[PDB]
Each structure stands twice: as C-alpha cells, then as structure tokens.
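Residue numbers (the deposited numbering), protein chains in the order written: chain A, 247 to 299; chain B, 589 to 649; chain C, 869 to 880, 899 to 1082, 1088 to 1147, 1165 to 1496, 1505 to 1531, 1543 to 1589; chain D, 3 to 81, 88 to 143, 152 to 419, 462 to 620; chain E, 219 to 266. Data block below; observations after.
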Amino acid sequence: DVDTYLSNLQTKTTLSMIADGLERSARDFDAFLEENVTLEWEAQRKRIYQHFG
Amino acid sequence: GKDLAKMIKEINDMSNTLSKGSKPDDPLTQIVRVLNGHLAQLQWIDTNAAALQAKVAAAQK
Amino acid sequence: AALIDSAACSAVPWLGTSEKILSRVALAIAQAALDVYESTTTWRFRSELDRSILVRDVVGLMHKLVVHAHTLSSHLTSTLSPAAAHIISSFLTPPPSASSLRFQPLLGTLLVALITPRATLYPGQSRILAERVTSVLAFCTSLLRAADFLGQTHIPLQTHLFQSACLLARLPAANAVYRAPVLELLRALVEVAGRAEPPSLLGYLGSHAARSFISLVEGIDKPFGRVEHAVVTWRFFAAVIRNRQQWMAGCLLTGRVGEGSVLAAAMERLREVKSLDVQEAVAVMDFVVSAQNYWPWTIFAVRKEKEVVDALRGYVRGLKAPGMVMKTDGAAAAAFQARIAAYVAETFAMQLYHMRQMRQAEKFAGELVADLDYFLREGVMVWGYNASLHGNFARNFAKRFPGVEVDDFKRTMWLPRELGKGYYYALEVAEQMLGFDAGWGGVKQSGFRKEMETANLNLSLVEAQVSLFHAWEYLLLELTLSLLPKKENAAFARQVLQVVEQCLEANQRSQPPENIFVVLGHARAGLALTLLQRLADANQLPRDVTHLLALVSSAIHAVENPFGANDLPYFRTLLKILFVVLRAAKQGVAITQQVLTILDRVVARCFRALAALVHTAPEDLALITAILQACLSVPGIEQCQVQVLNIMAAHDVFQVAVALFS
Amino acid sequence: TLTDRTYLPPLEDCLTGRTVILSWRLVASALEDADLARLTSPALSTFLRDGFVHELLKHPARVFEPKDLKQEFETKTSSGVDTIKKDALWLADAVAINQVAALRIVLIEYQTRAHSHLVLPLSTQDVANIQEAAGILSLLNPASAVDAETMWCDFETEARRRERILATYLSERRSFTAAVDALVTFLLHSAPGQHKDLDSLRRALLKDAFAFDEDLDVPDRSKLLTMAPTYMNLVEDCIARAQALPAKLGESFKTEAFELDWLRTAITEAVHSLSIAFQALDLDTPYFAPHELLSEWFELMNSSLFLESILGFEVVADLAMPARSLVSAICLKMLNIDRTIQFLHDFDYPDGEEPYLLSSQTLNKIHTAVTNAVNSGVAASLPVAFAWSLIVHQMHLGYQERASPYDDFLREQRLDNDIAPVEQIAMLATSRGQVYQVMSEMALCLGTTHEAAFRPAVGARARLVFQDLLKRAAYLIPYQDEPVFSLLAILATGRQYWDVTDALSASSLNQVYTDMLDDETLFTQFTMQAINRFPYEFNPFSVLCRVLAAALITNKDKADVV
Amino acid sequence: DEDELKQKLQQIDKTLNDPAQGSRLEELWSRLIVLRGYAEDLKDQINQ
C-alpha cells in the first residue's frame, strides 16, 4: 500500500488538492440543476397528463 | 547516480500510484509503459537518423 | 541613535522644529552612519572590543531605523522615511563596485565571533560580543524582510547571506545565546528564498556541518524547556519545510520514520497539550501542518503508526473545549485555544483526505464526528467580534487624540503578525510612543493600554475563528462525501442544519471590518451551498424550511440589491442558496405564505433589473429562470394560483420577456 | 538519602536523549546571564533544589577526590555503552577522579559532540566561499585547511576522541567552578526587585543548603562561612596539578597545546576558588576569619610564590593579571587592615572570631612570606607587602607606648630594635608609584566596566579592600596626586558615559560607593580635599561627581548630594 | 602531463563541489516529498 502511495504521489502542497473539491462541486452543481429542471418539466407534464385524463 | 535512480523510481511510484491505485496489475499502466518505450525508441531513431542525414551533407562537397 | 529614537516619537518641549528639519537631519545622520559603516572595515583599532562596540552601535542604529519605517504605514513614520528609504536602497541594491565594502564588516564580525575562545572571565566583553551578534542578526533579518517587501525580484544580498549562514551554522556552537537569533535570521532568509529552485543551502553548509547543525537544533531547548526559544525553533522548522528545501527537510524529518528527529519530540509534546502552554502548542501545531502539507507521506504515516496516542488526545481536547471561554476564567487564552482547535481540525481534515485517498477513512470519520461539539459551539459563528468595545475605544482615542487616529497603528505586513496582543495594533511601538503623556499608563492597570490589548486579543480570536472556519469547511466538505451511506443520518443532518443556520445568522448580524479582515461576502455562502447540494443528493432533509428561509429572505432584502454590481459572486451564491432551499422545501400549508415573498418581490425585481441592464447577464438570467421554475413547483402554489395571478401580472414581466426575445 | 538521580540521570536517558543532563556549562551560562526563564525552568529548578547538588557544591573536593566507586560504576553502566564504559575507565585510570565523575564527563561529551565538531577549523569549500565574499580580514588558516571528508575521518579516531574528552573534562571543571561561584554570588548579593520566582528559588536553596533564612533575625552563616577553607584547600591540588601534569596520562597526549590548555584550566579554577573565598569572606566583613585558616593560607602562598611559578609564563598574562589581582584582593580581605587597625588602637575584643593577632607563629609566617615575596621580585606582592608594612609600622608604635602576644613576633625576627626592612619595602613599593599603578590595574581587572574580568558585583565587592587600604593609608602618606589618581581609577574604573543606568541593585553593590560619604576618613580626606581643589585639580572632583551621579540614581536618601 | 590531469580533475571536482549544485538535489527531494504527501492525501480523499 505504502509502495503504491509513494509511487503515485505528486510533489505539491496537500491543501491544494483538497481545495479541488470546490471546483468539482461547482462543476457538479450545473448537472444537478439540469436534473432539477428536467425532473420538474417531467412533473409538470405529468400533472397535465392527470389534468386532461 | 544511485540516489538519482532512487528518486526517479519514487517519482514513478508516486505518479503511477496517484493516477491509479486500486489495480496495479492492470493493462493501462502496461500500455502507458510499453508506449513510452516506443516513444523513446522512436526518438532515438529520429535523432540518430537526423545525425546520419547531417553526416551526408559533409560528403556533398 | 538617541536622536533617531527621539525622532521616532512623532506623536507629541519641541518648540523650534518642523517635519522638514527633522527629515533632513535624519537623512544626514543616516548618510553619516552608512559612511562610518563602510569605512570601519579599514581602521586599525588597538583592540577588538572597540571595533565590536562600534559595529554593535551602528548596526543597532540601522536596525532601529529600518524597523521604525515598516512597523507602521501611517504618517507618524514619515519623519524618518527618507532616511530608512536611503538605507534600504543602499543595503538592498547597491552598486556592483561598492557591493562588497558594505558586506565585509558583517563577514568579519561573524568570523571574529566564530573564532573567539571560550572564557569564564571578562563577562563584559562576552556580553558586548553577544549583543553585537544579536544586533547583526536582527539587522540581517530586517534587511531580508525589507527586500521581501516592496517587490524585489533580484536580491544581490542573498548571495552573501548564504555564505554568512555558512558561518552562522557553526556560530551557535560557541554560545547558546545565538541559537534563537541565528535561527530567526535563517527563517527570514528562507522566507525571502520562497517569494523570489533557490540556491541549494546544502552546497554552502556541507554534509557534515549540516548534519551537526541538525543534531544540535533538533532538540528544542531540552535542558530548560522555555516557550520563547520553542516557538522560535518551531517557526524556523515550519519555514524551512514550507520552502523548496528538500535535503534539509528530509534530514530533519527522517533524522538522518524518525527516531531522534524533530517529530519524535513533537509527538511527545502533542501527547501533553492538556497541560502544555497554549502559546507553544500553536507553534507545534503550525510545524505539524507545515510538515504535513509538504511532506505528508512521512508525517501521516508516523501518526497512523502512533495514532493511539494522538487521536485520544485530540478527542480529549475536543470534548472538553468550551465554546464561550471569555466569560470563564481566561481572556487571552480564548484566541490560543481557538487557534489550537483550528490547527487540530485542519490536521484531522488532511489525514481524513489522505485516508479517503487510501480508502481507510470510514471508521476514523465515524469516530471523529462525535467530537465536533466545540465546532458546533464556536465554529462558523464569527459573531464574537464585539464591535461595541472596538467602536468605544476608537471614539475614546479620537476624542483624546484628534491628530492621531486608531487606524494609524495598523501594521504594514512587514513581519508575520503575531496571534497575540499585537496582531493588528503595534503595541511594542505604542508602549514607547504614547507613554509620554498621562493616560497610557493609567491607574490600576487601566487606560488605553488594556483596551488596546483586549481589542488585539479579540482580533486574534476572530482570526483563529476564520482559520477554524476554513478547516471545518474542508472537513465537512470531505465528510459529506465520506458519509454517503444511510447511517448516522440524524446527527449528521442536525449538524449540517445548525451550521447553515449559524452562517445565515452571521450573514445578518454585525459584520467585521473589511480593511482588517477579508470580506466574508461569498466566503461562507458556497459552504452552505455545497452542503445543501450534497444533502439534496442524499435526500435526507427534514423539510424544515419554514424557518430556514426567513434568514435567506432577510439577507436578500438587506443586501442593497447589487444584482449587477461588483458583488456579483455574492448575488450568485445567494441565488443558488435560495434555489436549493426552495427545492428542499418543494420536497415537503403554512409554506405558501412564506415562499410567496420570493415569487412576488425577489424574482420580479431581479428580472426587471436584468432586463433593464442588458438593454454576466446570460448566466444570471438563466439562474433566475431556474429559481422561478423550481419555486413554482412547491405544492402550496397549486392552490394559491388565484392569489399569485395578480402579483405575477402586476409587474407585466411578459412584455419585457417578449421584448428581450425579439 | 541523597542520591545522584537528578544529578546523574540514568544512562538510558542520556543515550536515547529523552533527558539531556544539565551539564555545568548550561548552569554556568544561566547563572552568568541571570536569565529569568532558564533559572526558573523546571529542570534546573529541580536540579538546584536537590540536596545532593547542595552537598556537592559545598564540597567540590569530593566531586573529584580519588575514591573507589567500582560497584556504583558497574551498577550504572549495567541496566553504544561499551565505548562509553571504556572511555570512562580510561579517564578514571588517567586522572585521579572517581569513575562516576569520569562516566558523567564522557556522557556530557557524547551529548556535546555537535559543538566540539562545529568549533573545529572549517573545510576548504568554506574558505573558498569566504575568499569569494571578501572579493584586513585575514583571520583564516588556509595553509592547514583540509576537506570535510578528511576532517570527519580524523574526528572519529581514538587519539582525537581522547583529546576531545580531556578538553571537555577541563571545560566542565571550569564550568562547574564558574557555576558555583555565580550561584554563591546570586545567593549572597541577590538584587532587589527581582521576579517572585527568583526570590522563592533563592529562599528555598538557602533554607535547604545553609539554613540561611531571611525571616530569621540572625541567619545561620556557619554553613556559609565554612566555604572559605573548602576552596582554600582545593587551591592546593589546583596548583599541584598546574605545576605537574598527570603521570598516568599517555605521553602522546602531553603536547604543547594540551599543556597550555591544562595550565589555563588550572589558572581558571584557582581564580574561581579565590573568588568564592573572597565572597564567603566579605559575607562577614566586620568580623575576623579563623586564624587557623589564614596561617595555612599564608604558608601555602609562601611556598607557591603567590602562584607566580605557574603564572610566570608569558602565555598566561591575560589570565595571570586577573589571577594576581584576585590573589591580592583575597590577601587584603583576610588581612582586614581596617579591622586590624581598629583592634590595635581600640584593644577591644570583637567577639566575632579570634584573630591571628593573638598568635605569634602566624605573624612570623606572614612576615617571612612577605619577605620572600619581596626578595623574589614580583609585582603581585606590592599591595599586600605595603599593607603588611603599614601593620608593622602600627605595631612598632603600639610597642613604644607600652615599653602583648605580638611582642613575641616583634622580638623573634629581630624586628623590635630596627625597622629597616619594612620601611625599605614600603619605600620600594611607593617609588615611581608602582604600588598605585598595580592597584589601579587590579581595580580595572576587578571593576564593573566592560574591561573588568569579573561580574559587576564581583568587582564592586572586590574594590572594598583597596578602598579600605587607601582609607587607612591616606592619613599616613600625605595627600598627593598619585594616590588620588589611583582612587579615581579604582572607583570609576574608566567606564564610558553610556555605562550609567538607573537599574536598582542591592545595597551591597552600592556600599563601595556610599562609603565615600559614610566613613569620615574617606570623607574629610578625599571628598572634602577634592572639592577644595577645584577647578585647580579638576579631574578628581569631576570624576567623583560623575561616579556619584551614576551610582546614586536610585538611592533617594543620597540623590541630591551631587 | 600530470598538470593537465589534475587540471581536468580540479575542474570537474570544482564543478561537483558547489553549494547550489549539491543543494538542488536536497531541495528537489523535499520538493518531491511535498507532492508525495499532497498526492497521497488527495489520493486517500479520492480513494472511493
């Protein structure tokens, strides 16, 4: 385990890698909003399908 | 040289383990490595061939 | 030197003087002192003590001149500004012909000190040489800091300071007194080598000499165990590790794992923080973080191999760390405890990130989440700024000192700000600058000194709170991903909701100043944003928006409506926060009356402002559209459609929409 | 129930580094710099508060007296230890010290190898870097400089290791002497207004070692007054080792450098012993010291030629001058010219202690010692000889008025009828103002200025004997410029203008100054005459006003005298 | 011809025995260990 950990290690500050979580969140939020608005359009269409009958 | 070799080895270890570390027996690092080998050999070919090409200009007197 | 010291007190006896006269006299004095310093390297004294005293005096004068110029940034330090400026221009970027004439005196002093024999007699000469060495070291440090400041990219003095450190590595061997000053100098040289690979220090020191110096300094004041020299050696180690030094860092961490390395003793000190002085604990934790962020593979490995002694002590510290410690016995220890907790949280977060990368962070995180009580108490809440006493002190100082203001004592960032009573206000200088007239001393240790000390302690506490904020933000951000499974959901959701509520309440309550600390706008909004994001991805919310949205609405109402102003990130993050909040509400009636305010006053106003400005805009308009779409989906709206028809028709949004569509 | 646990911690701690033994170097440094944090540190606090360290510092001879502690050595060395034990045994076989002290010194040297290596000559790369920096300043030695590899390979050798061990042993001896001296100084002449922790530590150390309690109206000086012979007897072994190196030591190590180092160490130890004795003596200024000890001390000085045999070399002048000054100071102290004249003129018994005045043998010994010293042609004996001459000049007249034990002395060496020898000695001493010049030099080396060889309090308490000598000698020899310049160089010492501070210190340190305004002899003869000779004789009055204004800044009772 | 030999030897020996050249490696090693720890941490974090 330690062998692979040292093999795949990069010379750089650790506090910068964890920071990437912010970027990843900012890039996931977009897709999450797109899923919100798609499940919303879906819901709306559904309620219309239950309005017409 | 020995210490430098150790360093390079460790760098390889860290890069390889960082990029992938849940299957060190996988075919990706394989392709990577072999493909690096090919790159190096191709570079050798290119450079040496260029050298020989340069060597011909001397005979063009 | 006495003339310069007297001129330093520019806050006052002085009939017959003026700023220009004092400035010219100070410039002439600086020129004369520099000429003497350049000429002393040629005179032949009957003995070495005379030259030593002369060098000590000139170095002390130059140091007092340099520090006085950068210690403050107000007009009080303008009388000696042409002089300090001259000395700095002449000791940082001298001509190449006379560059060595200004450096040979220091080299000769270091040589004479490193080859003076040890003697039990003649204590006068010994103390004079010690003071001379300390003055030279302080002057070197001041020059290094001055070069680091003002944006100096090419420092020709660094080449000589390296070969001077070559001697300073052995100089402490003659006298232990030099161990702290020397290390300080080295720390400042390393700092100048960071913001400027650097010249390899191992090439100047040497393998054997470097190993001897490391073996001498690794033990932090073991025979006595003082706090000053300890914080000094811990800051030195942190600075040496933070820079690109790699050979020295490896020899200092490994010790040639670690058996006699600095870390072997740092763990021994960490396992007794419950009784150790909080002042040294901060420096020890800073060293730990500096060794972890740059050399994690060693520090984290050793800590996991010995976690049975560190995790227990961390849990003990966390459980018995009250939030409001001001009211109890102790006022200055609050900032120290907050800084210690912030460093502990940062280290926990880093080790949890490493374990997650190694896929061994489940049990450790599950055991640590039960220790976040101190965080829930004094974490994201930064309302401990107590602007009341700060404003009172400012008014009392402006009423008694019309000319000098309270903000004039702000540090110029020349030296790393201490997390003590001198974080923002320069007390070391104020003590000698305002102590000439009655009012500073005060009866029964009262007056302006105690109030300034309390204000500095409060500012240090706020800084520690911000550090803990960042640490806990990272920790919770990684834990939200770690604790994805369906377990410990109750306490987890409770903690997240409490954090969000504390953030939203602090966003409304009194804000801190923007000139002292960093603007909080957009700094603590994304935190709650990503928290609610991940909690919605997990779908484990108690649909308790009935009260959570009130704070967001109050913030959106009392934000001055900077829809398109410079505060665009703040507006966007507030919009995303309200979006996720109203989406969580949709998953859940008394909700419609509480959510119609955003549909009536917020969405319409922002849409009209955007339509009027557009005559940046695309993403904001898309976000507003998504907000309205997700807000029109709440179940409470399918019945209040009648009630909302009029509010939606009053603004005639359809006209502007069709216009922009054209 | 006095073990060496805190004194000599287990070898496992010394080797693993978990507890660095508080060597005498660190204690001496902390006591010399008067650092608050170090002196109040837990480690040093527990080390000094232990009764074992108290008994050791009260009996330094036992710290190096040859004893048979083979059992203790084996028990300590059992439960890199082989090399440590071998070095300890070799050192114990070479020097007469016990095996425990040798083992402790070897452990301290092992812990201090970093310093011993860093104080070595630099490598070739360092010399090259220094030359590059230089572009006067020629304090290097490139002709002998070598690389680091050959410097380290030679450092780990056996001969070099033994030489470093011996050097560390000598350094630790000097550090122990300086540390005990500074400790006695701080315990006897503690400055006021110090931190509460320092006062508490002082009171604890006193009550534990000497039972000296400040709340008692009469503290127990017995255990503090018994520290004079404890070091006057060790000075014998010091001079014996100075005049003869260890025989069991290998001849290969007995090189010029080693001989010079041994001589310097012996001189430093003798100076520290003399200073400790002077301190223990001035602790009780008015009362006399036991004549049984002064007899032996004067016999010792007679035999050793006032340490002029070991100080006769020209390579120990820097250490000889202060050594001679301190010898003269302690001689004048034990002589008590002031109290001696008071007793000879008052005839009342002091009751503090019996003086040598009632023993004719001691008087004969002192007289023959002074005669031998003056015949040998040495300057260090100038003030002591002059003083003794004055005493004899007062005894002669005391006999003329009575024409009792001193009569035996006066008639034993044929000193009753003729007064030629002492008069000739005084004439030679006063010729060319040699006595005054040597006294001024001693005061300079025993003052408070940065040129002084000892601490400020040491010189402040050492100038008292010279001031008393000038007091009693002032009414004998008339007023003249030489004695005045001598007293000026004594009281002022030649310090600078910025050497004046308002730092409040113990009254004892201010005694040497206030005496000028306390005793009528030093008031109506020097101060009054100096004021009267103004501005004609400007330097005396000026320097007197300067020193008075510099010394009486905090003394509110005499702040308006200048 | 010894002079030429020791000249070459001195040149290469001088080139090797330099503070900077010797320091670069030491600096590099730590400079690597930084990335080692950073990568290992960021790896453990994204070890899912």
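Beta carbons: idealized from backbone N, C-alpha and C, even for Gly.
*Beta carbon proximity, residue 1115 (chain C) to chain D, threshold 8 Å*: Yes, because at least one Cβ of chain D sits closer than 8 Å to the Cβ of residue 1115 (chain C).
*Kindly say whether residue 599 (chain B), judged by its beta-carbon, lies nearer than 8 Å to any beta-carbon of chain E.*
Against chain E, the CB of residue 599 (chain B) has a partner CB under 8 Å away; the residue lies at that interface.
*How big is the Cα-Cα spacing for residue 1368 (chain C) and residue 1482 (chain C)?*
Taking the straight line from one Cα to the other gives about 29 Å.
*asked:* Can you pull out the residues from the region 615-640 of chain B whose beta carbon lies closer than 8 Å to at least one beta carbon of chain E?
replied: Listed by position, the residues of the region 615-640 of chain B near chain E (Cβ gap below 8 Å) amount to none.
_8 Å Cβ cut-off: residues of chain C touching residue 261 (chain E)_ = Result: 1262, 1265 and 1266.
*Roughly how many whole angstroms lie between the Cα atoms of residue 1282 (chain C) and residue 1295 (chain C)?*
Cα to Cα, the separation comes out at about 23 Å.
*Taking all protein chains shown into account, decide if residue 1554 (chain C) is buried (16 or more other Cβ within 10 angstroms of its Cβ) or exposed.*
So residue 1554 (chain C) counts as buried.
*Taking only beta-carbon atoms, is residue 253 (chain E) less than 8 Å away from chain A?*
So, interface residue.
*Closer than 9 Å by beta-carbon distance: list the chain E residues that pair up with residue 271 (chain A), in chain order.*
For residue 271 (chain A), there are no neighbours in chain E by C-beta distance under 9 Å, as the nearest C-beta there is about 14 Å away.
*Where does residue 1147 (chain C) land, buried or exposed, given buried means 16+ other C-beta within 10 angstroms?*
Counting every other CB atom within 10 Å of its CB across the protein chains shown gives residue 1147 (chain C) a total below 16, marking it as exposed.
*Would you say residue 252 (chain A) faces chain E, with C-beta separation under 8 Å as the test?*
Contacts with chain E at 8 Å (Cβ-Cβ) include residue 252 (chain A).
*If you count every other CB in all the chains shown that lies within 10 Å of the CB of residue 404 (chain D), and 16 or more means buried, which is it?*
The residue is buried, with at least 16 neighbouring Cβ atoms inside 10 Å.
*Counting only runs of 4+ residues fully inside the region 528-588 of chain D, write out the alpha helix (DSSP H) ranges in chain order.*
You should have 539-550 and 565-576.
*Is DSSP giving residue 594 (chain B) helix, strand or coil here?*
In the structure shown, residue 594 (chain B) falls within a helical segment according to DSSP collapsed to helix, strand and coil.
*Inter-residue Cα distance where the pair is residue 314 (chain D) and residue 187 (chain D)*: For residue 314 (chain D) and residue 187 (chain D), the gap between their C-alpha atoms comes out near 29 Å.
*What do you get for residue 903 (chain C), buried or exposed, if any count of 16 or more other CB atoms within 10 angstroms of its CB means buried?*
Exposed, since its Cβ has fewer than 16 Cβ neighbours within 10 Å.
_Distance cutoff 8 Å, beta carbons only. Does residue 133 (chain D) sit that close to anything in chain E?_
Yes, contact with chain E.
*Which residues, in chain order, does the region 234-247 of chain E contribute to contact with chain A at a C-beta distance below 8 Å?*
Close to chain A, meaning a Cβ-Cβ distance shorter than 8 Å, is no residue of the region 234-247 of chain E at all.
*asked:* Which of the three DSSP states is assigned to residue 1318 (chain C) in this structure?
replied: In this structure, residue 1318 (chain C) counts as strand in the three-state DSSP scheme.
*Do the region 1241-1253 of chain C and the region 242-255 of chain E meet, that is, are 3 or more Cβ pairs less than 8 Å apart?*
Not touching, per the Cβ criterion.
*Rank D:391, D:198 and D:409 by C-alpha distance to the C-alpha of residue 37 (chain D) and give the top, closest one.*
Considering only alpha carbons, the answer is D:198.
*Just the chain B side, please: which residues come within less than 8 Å of residue 266 (chain A) by C-beta, in chain order?*
The premise fails here: residue 266 (chain A) is roughly 13 Å from chain B at the closest Cβ pair, so nothing lies under 8 Å.
*asked:* Does residue 1351 (chain C) pass the burial test, meaning 16 or more other C-beta atoms within 10 Å, or should it be called exposed?
replied: Answer is exposed; the Cβ neighbour count stays below 16.
*Assigned exposure category for residue 589 (chain D) - 16 Cβ within 10 Å defines buried*: Residue 589 (chain D) counts as exposed, since fewer than 16 other beta carbons sit within 10 angstroms of its beta carbon.
*Taking residue 258 (chain D) as the reference, which of D:332, D:506, D:519 and D:614 has the closest Cα?*
Closest by alpha carbon: D:332.
*Just the Cα atoms here: how many angstroms apart are residue 1512 (chain C) and residue 1571 (chain C)?*
If you take the alpha carbons of residue 1512 (chain C) and residue 1571 (chain C), they lie about 8 Å apart.
*On a CA-only basis, which of C:1101, C:1031 and C:1521 is nearest residue 131 (chain D)? Give me that one, please.*
The residue with the shortest Cα to Cα distance from residue 131 (chain D) is C:1101.
*Is it right to say residue 1360 (chain C) is buried, meaning 16 or more other beta carbons lie within 10 angstroms of its own, or is it exposed?*
Here residue 1360 (chain C) is buried. Its C-beta has 16 or more other C-beta atoms within 10 Å.
*Rounded to whole angstroms, how far is the Cβ of residue 290 (chain D) from the Cβ of residue 102 (chain D), which I believe are closer than 8 Å?*
Residue 290 (chain D) to residue 102 (chain D), Cβ: 27 Å. No contact.
_Residue-chain proximity (residue 223 (chain E), chain A), Cβ-Cβ < 8 Å_ = It does not: the Cβ of residue 223 (chain E) has no partner Cβ on chain A nearer than 8 Å.
*asked:* Buried or exposed for residue 1040 (chain C), going by 16 or more other Cβ atoms inside 10 Å?
replied: That one is exposed.
*Between which two residues does the alpha helix (DSSP H) containing residue 206 (chain D) stretch?*
Segment: none, residue 206 (chain D) is in no alpha helix (DSSP H) and carries neither H nor E.
_Distance between beta carbons of residue 1023 (chain C) and residue 1068 (chain C), contact taken as under 8 Å_ = Indeed, because the Cβ distance is near 6 Å, the residues count as touching under 8 Å.
*Interface partners of residue 258 (chain A) on chain E, CB under 8 Å*: Scanning chain E for C-beta atoms nearer than 8 Å to the C-beta of residue 258 (chain A) yields 252, 253, 256 and 257, reported in chain order.
_Taking 7 Å as the cut-off, is the C-beta of residue 259 (chain A) nearer than that to any heavy atom in the ligand SAH?_
This structure simply doesn't include the ligand SAH, nor any ligand for that matter.
_What residue range does the alpha helix (DSSP H) around residue 26 (chain D) cover?_
Its alpha helix (DSSP H) spans residues 26-35.
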